[PDB]
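Participant: Chains as they are written, first to last, in the entry's author numbering: chain X, 9 to 171; chain P, 9 to 171; chain C, 9 to 171; chain R, 9 to 171; chain H, 9 to 171; chain D, 9 to 171.
For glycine and all other residues, C-beta sits at the position ideal for the given N, C-alpha and C.
There are 6 protein chains.
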Amino acid sequence: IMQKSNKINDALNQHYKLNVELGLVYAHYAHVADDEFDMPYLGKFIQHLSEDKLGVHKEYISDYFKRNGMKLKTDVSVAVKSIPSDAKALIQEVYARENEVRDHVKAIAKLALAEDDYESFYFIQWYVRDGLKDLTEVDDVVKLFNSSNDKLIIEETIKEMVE
Amino acid sequence: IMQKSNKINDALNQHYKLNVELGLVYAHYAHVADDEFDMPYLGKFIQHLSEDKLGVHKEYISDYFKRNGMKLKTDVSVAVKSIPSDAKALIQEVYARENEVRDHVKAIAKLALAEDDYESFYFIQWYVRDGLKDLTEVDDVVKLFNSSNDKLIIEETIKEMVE
Amino acid sequence: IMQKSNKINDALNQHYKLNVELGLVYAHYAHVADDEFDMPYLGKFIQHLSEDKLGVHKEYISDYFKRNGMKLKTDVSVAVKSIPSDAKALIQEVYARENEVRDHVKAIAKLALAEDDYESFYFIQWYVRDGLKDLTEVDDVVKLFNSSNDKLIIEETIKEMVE
Amino acid sequence: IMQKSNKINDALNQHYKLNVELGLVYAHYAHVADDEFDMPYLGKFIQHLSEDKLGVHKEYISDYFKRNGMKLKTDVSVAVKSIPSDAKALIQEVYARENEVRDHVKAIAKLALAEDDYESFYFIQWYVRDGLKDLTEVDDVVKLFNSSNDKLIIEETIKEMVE
Amino acid sequence: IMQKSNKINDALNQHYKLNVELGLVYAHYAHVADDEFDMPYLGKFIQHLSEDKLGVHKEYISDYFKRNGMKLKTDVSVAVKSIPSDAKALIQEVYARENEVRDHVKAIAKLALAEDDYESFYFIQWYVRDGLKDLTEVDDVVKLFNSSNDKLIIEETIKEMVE
Amino acid sequence: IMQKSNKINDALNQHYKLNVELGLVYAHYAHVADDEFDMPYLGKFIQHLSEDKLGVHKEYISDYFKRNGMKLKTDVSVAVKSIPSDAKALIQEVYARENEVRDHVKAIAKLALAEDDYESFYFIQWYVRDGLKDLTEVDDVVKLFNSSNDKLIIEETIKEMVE
Ligand SMILES: [Fe+3]
Ligand SMILES: [Fe+3]
Ligand SMILES: [Fe+3]
Ligand SMILES: [Fe+3]
Ligand SMILES: [Fe+3]
Ligand SMILES: [Fe+3]
Ligand SMILES: [Fe+3]
Ligand SMILES: [Fe+3]
Ligand SMILES: [Fe+3]
Ligand SMILES: [Fe+3]
Ligand SMILES: [Fe+3]
Ligand SMILES: [Fe+3]
Ligand SMILES: [Fe+3]
Ligand SMILES: [Fe+3]
Ligand SMILES: [Fe+3]
Ligand SMILES: [Fe+3]
Ligand SMILES: [Fe+3]
Ligand SMILES: [Fe+3]
Ligand SMILES: [Fe+3]
Ligand SMILES: [Fe+3]
Ligand SMILES: [Fe+3]
Ligand SMILES: [Fe+3]
Ligand SMILES: [Fe+3]
Ligand SMILES: [Fe+3]
Ligand SMILES: [Fe+3]
Ligand SMILES: [Fe+3]
Ligand SMILES: [Fe+3]
Ligand SMILES: [Fe+3]
Ligand SMILES: [Fe+3]
Ligand SMILES: [Fe+3]
Ligand SMILES: [Fe+3]
Ligand SMILES: [Fe+3]
Ligand SMILES: [Fe+3]
Ligand SMILES: [Fe+3]
Ligand SMILES: [Fe+3]
Ligand SMILES: [Fe+3]
Ligand SMILES: [Fe+3]
Ligand SMILES: [Fe+3]
Ligand SMILES: [Fe+3]
Ligand SMILES: [Fe+3]
Ligand SMILES: [Fe+3]
Ligand SMILES: [Fe+3]
Ligand SMILES: [Fe+3]
Ligand SMILES: [Fe+3]
Ligand SMILES: [Fe+3]
Ligand SMILES: [Fe+3]
Ligand SMILES: [Fe+3]
Ligand SMILES: [Fe+3]
Ligand SMILES: [Fe+3]
Ligand SMILES: [Fe+3]
Ligand SMILES: [Fe+3]
Ligand SMILES: [Fe+3]
Ligand SMILES: [Fe+3]
Ligand SMILES: [Fe+3]
Ligand SMILES: [Mg+2]
Ligand SMILES: [Mg+2]
Ligand SMILES: [Mg+2]
Ligand SMILES: [Mg+2]
Ligand SMILES: [Mg+2]
Ligand SMILES: [Mg+2]
C-alpha cells in the first residue's frame, strides 16, 4: 500500500548523477585553482565541495533508495573540455552550477508534494537547506575577488573559511 | 632539463580515469550487496573500496601532476548496465577488476623505467604495493563464499574485516 | 663478491660536493634576502634549505660510504661572485638550481640500475623523492612573487611555510 | 593476466631455505660463543641474528607467496660439522655469510626487473636494505676484535649493541 | 665428580633435532592452512606451535647444555614432500606428531632415572608437562572438525583460542 | 656617524671562511675516524665539532653583519688531500687547528680595540671564550691516547663526553 513513485525515483537518480558529475568537475577545478592559478586554498575550498558532492550528496540518495525500494541507476558521463580563464571566473562558474542545484532541488520538493510522497518531501528538506548553504559558501569566495586585487590577500582570507 | 614524459602523463591520466570509474561501479555494487543481497557488511566492504578508488587512488595522481607539470585530464563515462546474479559473483567481479589493476599498474612501472622517469617509478611504487593489498583484501572475502553456505555467518565474518 | 662500483662512488662524491657548495651558496642568499631585500622570512626559508643541503643531503652519502666501502672525497670550491638583483630573481635562481638537482639525481638512479647496484638504487630513492619535494617548496615561494606586488604580504605568506 | 614468475618463485624458495639454514647455524654459533668462548653477549648478538633469519626473513616470503600464488617449498638440510677456532674467526665467518646474502638478494632484484615483476622488485627492496644493515651490525662486532685484546672489554662493548 | 651422561646428551640432541624439524614442518603447514585451505586462524594456531618448537623447546636444551657441559649437535634435515588433503587431516597429522613427542619425552625421563641424573630428570619435567599441554591444545582444534561442517564457524571458534 | 670598519669586516670574513673550511675538514675527519679507524664515538665528537664550526661559528658573523652594515663574502676552497695515519694523529691535527683559531680570534679582538670598535670587541668576546673551550674539549680527547693503549677503552671514555 506504499508503492514508490517512479517520478521521484527518476528525479533522485538524475540528482544522484548531477552530484557525481559535479563532484568530478570540482575535483578538476580544485586541481587547476592550485596548479594553474597558484591559489591552493581556493583549491582546498573547491576540493572540499567536490568531496561533499561525491560523498553525502550522493550517499543519502543511495541509502534512501535502500529503505523505500527505489532503484539506483549509475549512468555517468562528464568531460572537462575547457577551463575558465582565471580564478574569479572559475569560482563564478562553480557559483552558477550551485545555483542550478537549487533549481533542481526545488523541482523535486514540488514533485514530492504533487505525488503525496511525504517521506520524499521530508528526505529532500536536507537538500533544500544545503542548496542555499553551499551557494552561500561559494558566494562568500566570489565576493573576495571583488574586494581585493591581491591573490595572496584573497588566499589568506579563504584560509579562514575552509579551516 | 626535466621535461615531463607525455607517455607517463597519458598512462597516469588513464589510471586516474580507471579509479574514478571503478569507484563509481563499486559504489553501485555496495548498494546492491546491501539492498538486494541482504549483506550490508559486504556492502560496507565494497563501499570502503569505492571511497578508496575515488579518494587517494585518484588524488595522489592529481597531486603528483601539480608537482611535475603533467596535465590532468577529466574524461569519465561509466554505466552499470547489469549486475552479477548473487553476492559471490559480485565479489568475484570485484576481484577480477582488482586483478586488472595490478596489470595496469605494472605497465606503468615498466614504462617509467623505459622512460628513465625515476620520479614516476618512485611515485608508482605505492600503487604497485596497493595493487596486491586491495586484491588480497578482496580475495579474503571471496574465500568466505567457498567456506560457508550461510549468508549470516559470512556477514558476521566480514564484520571483523572492515572493522 | 660485493665490490663497490667506482662509477657510483664518483657520482655520489660529485653529489656530496654539489650539496656542500649549494648549501654554502644558499647560506649567502639567505643573508642577502634578509639584509639587502628586507625579507627575513624568505631568508629563513632559504637558510632552512641551506642547512638541509649541508646536513642530511651530505651526511646520508657519508654514512652510506661507511657501510659499503666507498671512498669519501672532500674537494670543495665555491665563490658567490654576484647576487641576483631582487628577491624574485633570487628565489628564481634557487629554483633553477633545485631543478638541476633532479637531473643529477636521475642520472645516479639510472647509473645504479646499469651497474646492477640495487643497494645504490635503494639508497638514491630518498634523493629521487626529495628532489621533487625541495623543488616544490621552492616553487611555492616563487609563485608568491607573481601573486602579489607587496613584499610584506609575501613575507607574511612565507611565514606560514617555514613555520 | 598476472601469472606468477616461476623463476622468482624458485629464487625466493632458495632464499627461504638460506634463511632457515643460516638461522640454524647461527643458533649453534650463539651457543658456542657463550659456552666455549666465554662471550655471552657475543652469543646474544648472534642469537638475535639467528631469530632474525628464522623469523621475519623467512616469514615475509611465506606471507608474500600467499598473496601472489607462488608455491612454498620446505627443503632443509644443514649440519654444523666444524666450528671456527675462536671468537674472532666465529664472527668473521658470520660476516662472510652475511656478505653472501647481499649477493643473493642482488640477484633476485636483478631477476625481478628482467621478469617485469614489479611486485617482486618492491617486495625485495626490504631485503636489499636489510642486507647492508645486517652486514653492518656484524661488521661493528668484527671491528671490536681488532680494537682490543681483552675479551671482557669487547663483551662490555657488545652489551651496548644488542641492548 | 659430576660427569655428564652421554646417553642423556644424545637423547637431548635428538630431541633438539625433533623440535627444529617439527617447527619447520609446522611453519609449512601454517602456510598451507591459510593459503590453500582458507583457514588463517588455523594457520595462526599452527604457526604459534611452530614458533614454540623452534623457540623455547630448542633453546632450553641449548641453555641446559651450557650449564652441565653437554655437547650441542646441529644436524637437521627435513623436506615437506606431501601435504594432507584438507584442514581436518592437517590438524590430525599435527596431533599424531605431538603424541609422538610425549613418547620421546617419556623415554628421556625414564633414561634420566636409570642414569641417576636428577638434574636431567628435573630439567625434563617441563617437557613432560608441556607434552600433554601441546597435545591438548591441538586436540581442542581437532574436536572442532567433528563438531561443525562449517569452515567459518570453526575458524571463528579457533580465533578465541590463539587469542 | 657609525661607519663600519673595513679592517674588521675583512677579518670577520676571513674568520667566516676559516669556520666553513674547518667544518668541511672535520666532517671528513669524522667519517675517517669511524670508517677507517673504527672509532665511531671519536667520529661523533669530531662531527659535533664540525657542525659547530659550520653552524653558530659562521652564523653569528652573518647575523652580526646584518646589524652593522658589514658585507658578507662567500669565498671557499678546501680539499682534504691526505689524512693522518691513525686516530691519535687525527685528533692531534684537530687540536693544532683549534689552537690556531685562538690566535686568529686574538688578532680580531686586538684589532677591534685598535679600531675603537667596541661593538666588534663585544661581539668577539664569545669567540675569545669559545676558542679555549673548543681547544679544551679537543685536548680532553688527545689525553685519552696517552692514557690507554686500548681503542675500545678510549672509545668508551669518549662516549661520556659527547653524551
Ligand atoms: Fe520509470
Ligand atoms: Fe562543508
Ligand atoms: Fe536498491
Ligand atoms: Fe567542459
Ligand atoms: Fe588567476
Ligand atoms: Fe553540500
Ligand atoms: Fe594580511
Ligand atoms: Fe591573517
Ligand atoms: Fe591569521
Ligand atoms: Fe601526448
Ligand atoms: Fe583500506
Ligand atoms: Fe596541473
Ligand atoms: Fe555494466
Ligand atoms: Fe546473494
Ligand atoms: Fe587501495
Ligand atoms: Fe562473532
Ligand atoms: Fe559468532
Ligand atoms: Fe564478534
Ligand atoms: Fe675511479
Ligand atoms: Fe624541510
Ligand atoms: Fe669510508
Ligand atoms: Fe656567483
Ligand atoms: Fe627585493
Ligand atoms: Fe632536501
Ligand atoms: Fe596573517
Ligand atoms: Fe594577515
Ligand atoms: Fe597569521
Ligand atoms: Fe619451476
Ligand atoms: Fe635487529
Ligand atoms: Fe601458498
Ligand atoms: Fe660445518
Ligand atoms: Fe675466544
Ligand atoms: Fe635482518
Ligand atoms: Fe661500561
Ligand atoms: Fe666500562
Ligand atoms: Fe655501561
Ligand atoms: Fe656418545
Ligand atoms: Fe602457547
Ligand atoms: Fe656447550
Ligand atoms: Fe613430507
Ligand atoms: Fe579444507
Ligand atoms: Fe610447547
Ligand atoms: Fe557465530
Ligand atoms: Fe563470535
Ligand atoms: Fe566473538
Ligand atoms: Fe676593504
Ligand atoms: Fe658543543
Ligand atoms: Fe649584509
Ligand atoms: Fe689535506
Ligand atoms: Fe687508529
Ligand atoms: Fe665552538
Ligand atoms: Fe670499562
Ligand atoms: Fe662504561
Ligand atoms: Fe657507562
Ligand atoms: Mg493534493
Ligand atoms: Mg636504459
Ligand atoms: Mg641489465
Ligand atoms: Mg625490459
Ligand atoms: Mg637405581
Ligand atoms: Mg686608543
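#1: Report the CB separation of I162 (chain C) from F53 (chain C) in whole angstroms; it is logged as a contact under 8 Å.
#2: Using beta carbons (cut-off 9 Å, strictly below), is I161 (chain H) in contact with chain P?
#3: Considering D83 (chain X), what are the terminal residues of the beta strand (DSSP E) in which it resides?
#4: Given this structure, state the Cα-to-Cα distance separating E168 (chain D) from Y49 (chain D), to the nearest angstrom.
#5: In chain H, what lies closer than 7 Å to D42 (chain R) by C-beta?
#6: Can you tell me which of the three DSSP states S156 (chain D) falls into?
#7: Quick check on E164 (chain D) - is its C-beta less than 9 Å from some C-beta in chain R?
#8: Answer yes or no: the CB of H23 (chain H) versus the heavy atoms of ligand 39, is any distance below 8 Å?
#9: Buried or exposed: where does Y126 (chain D) fall if 16 or more other Cβ atoms within 10 Å of its Cβ makes it buried?
#10: Here's a check: name, in chain order, each residue in its chain whose Cβ is nearer than 7 Å to the Cβ of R105 (chain H), leaving out the five neighbours to either side.
#11: Just the Cα atoms here: how many angstroms apart are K81 (chain P) and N17 (chain P)?
#12: Quick one: which residues of the segment 140-158 of chain X get their C-beta closer than 7 Å to a C-beta of chain C? List them in chain order.
#13: Is any heavy atom in ligand 1 found nearer than 8 Å to the beta carbon of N14 (chain X)?
#14: Compare the C-beta of residue 5 (chain P) with all C-beta atoms of chain C and state if any pair is closer than 9 Å.
#15: Would you verify that the beta carbon of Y126 (chain R) is, or is not, closer than 9 Å to some beta carbon of chain P?
#16: Taking DSSP as the reference, what is the three-state secondary structure of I69 (chain C)?
#17: The alpha helix (DSSP H) with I116 (chain R) in it runs from where to where?
#18: Would you mind giving the Cβ-Cβ distance between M10 (chain C) and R110 (chain R), rounded to the nearest angstrom? I have them listed as a contact below 8 Å.
#19: Looking at the secondary structure, which residues open and close the alpha helix (DSSP H) in which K25 (chain X) lies?
#20: For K15 (chain C), I'd like the list of residues in its chain whose CB is within less than 8 Å of its CB, leaving aside the five on either flank, ordered along the chain.
#21: Starting from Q11 (chain D), follow the alpha helix (DSSP H) in both directions and report where the run begins and ends.
#22: What's the C-alpha gap between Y72 (chain X) and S58 (chain H)?
#23: Can you grab the Cα-Cα spacing for the pair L98 (chain D) / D147 (chain D), in whole Å?
#24: For ligand 54, is there any heavy atom lying closer than 8 Å to the beta carbon of residue 3 (chain C)?
#25: Could you check whether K74 (chain D) and residue 172 (chain C) sit closer than 9 Å to each other, using their CB atoms as the reference points?
#26: DSSP state of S90 (chain P), grouped into three classes?
#27: Tell me whether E164 (chain C) counts as near ligand 26, meaning its Cβ is closer than 8 Å to at least one heavy atom of that ligand.
#28: With 9 Å as the threshold, decide whether the Cβ of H39 (chain D) is near any Cβ in chain C.
#29: Going by the beta-carbon positions, is the gap between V33 (chain R) and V88 (chain R) smaller than 9 Å?
#30: If we count the other Cβ atoms within 10 Å of its Cβ and call it buried at 16 or more, is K61 (chain H) buried or exposed?
#31: Does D60 (chain P) have its Cβ less than 9 Å from a Cβ in chain X?
#32: Any chance the CB of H36 (chain D) is under 8 Å from a heavy atom of ligand 2?
#33: On the CB-based measure, 16 or more other CB atoms within 10 Å of its CB, does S85 (chain X) come out buried or exposed?
#34: Are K12 (chain C) and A35 (chain D) close, meaning C-beta to C-beta below 9 Å?
#35: In terms of alpha-carbon separation, which member of C:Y24, C:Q133, C:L26 lies closest to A117 (chain C)?
#36: Let me check understanding here. Comparing Cα to Cα, which of R:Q55, R:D46, R:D83 lies closest to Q22 (chain R)?
Facilitator: Checking against the coordinates, here is how it stands:
#1: Taking 8 Å as the upper bound for CB-CB distance, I162 (chain C) and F53 (chain C) are not in contact here, some 11 Å apart.
#2: Closer than 9 Å to some Cβ of chain P, the Cβ of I161 (chain H) qualifies, so yes.
#3: Going by DSSP, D83 (chain X) is part of the beta strand (DSSP E) stretching over 83-87.
#4: Straight-line Cα distance between these residues: approximately 9 Å.
#5: Those within 7 Å of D42 (chain R) in chain H are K74.
#6: DSSP places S156 (chain D) in coil when its eight states are reduced to three.
#7: Chain R contact via Cβ: present.
#8: False, no ligand heavy atom lies under 8 Å from that Cβ.
#9: Answer is exposed; the Cβ neighbour count stays below 16.
#10: Sequence-distant Cβ neighbours of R105 (chain H) in its own chain, meaning closer than 7 Å and more than five residues away, are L30.
#11: Spanning the two alpha carbons is a distance of roughly 9 Å.
#12: So the list reads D158, given in the order they occur along the chain.
#13: Because some heavy atom of ligand 1 lies under 8 Å away, the Cβ of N14 (chain X) counts as near it: yes.
#14: Outside the shown range of chain P, which is 9 to 171, sits residue 5 (chain P), and nothing can be said about it.
#15: Yes, its Cβ sits closer than 9 Å to a Cβ of chain P.
#16: Helix.
#17: Segment 95-122, the alpha helix (DSSP H) holding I116 (chain R).
#18: Contact between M10 (chain C) and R110 (chain R) is confirmed by a C-beta separation of about 5 Å, below the 8 Å threshold.
#19: Following the DSSP letters along the chain, one finds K25 (chain X) inside the alpha helix (DSSP H) bounded by residues 14-43.
#20: If the five residues before and after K15 (chain C) are omitted, its C-beta is found closer than 8 Å to the C-beta atoms of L119, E123, all from its own chain and listed in chain order.
#21: Per DSSP, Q11 (chain D) lies in no alpha helix (DSSP H) and is assigned neither H nor E.
#22: Between the alpha carbons of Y72 (chain X) and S58 (chain H) lies a distance of about 51 Å.
#23: Between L98 (chain D) and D147 (chain D), the C-alpha separation is close to 12 Å.
#24: The structure shown does not extend to residue 3 (chain C), since chain C is modelled only from 9 through 171, so no value can be given for it.
#25: Given that chain C is displayed from residue 9 to residue 171, the structure contains no residue 172 (chain C) and the question cannot be resolved.
#26: The three-state secondary structure of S90 (chain P), taken from DSSP, is coil.
#27: Because some heavy atom of ligand 26 lies under 8 Å away, the Cβ of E164 (chain C) counts as near it: yes.
#28: Taking a beta-carbon distance threshold of 9 Å, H39 (chain D) counts as an interface residue toward chain C.
#29: Yes, the pair counts as a contact, with Cβ atoms nearer than the cut-off.
#30: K61 (chain H) counts as buried, since at least 16 other C-beta atoms from the protein chains shown sit within 10 angstroms of its C-beta.
#31: Not an interface residue.
#32: No.
#33: Looking at its Cβ environment, which holds fewer than 16 other Cβ atoms inside 10 Å, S85 (chain X) is exposed.
#34: Their beta carbons are not under 9 Å apart, which means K12 (chain C) does not touch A35 (chain D) by this criterion.
#35: Nearest option by C-alpha distance: C:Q133.
#36: Per the Cα distances, R:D83.
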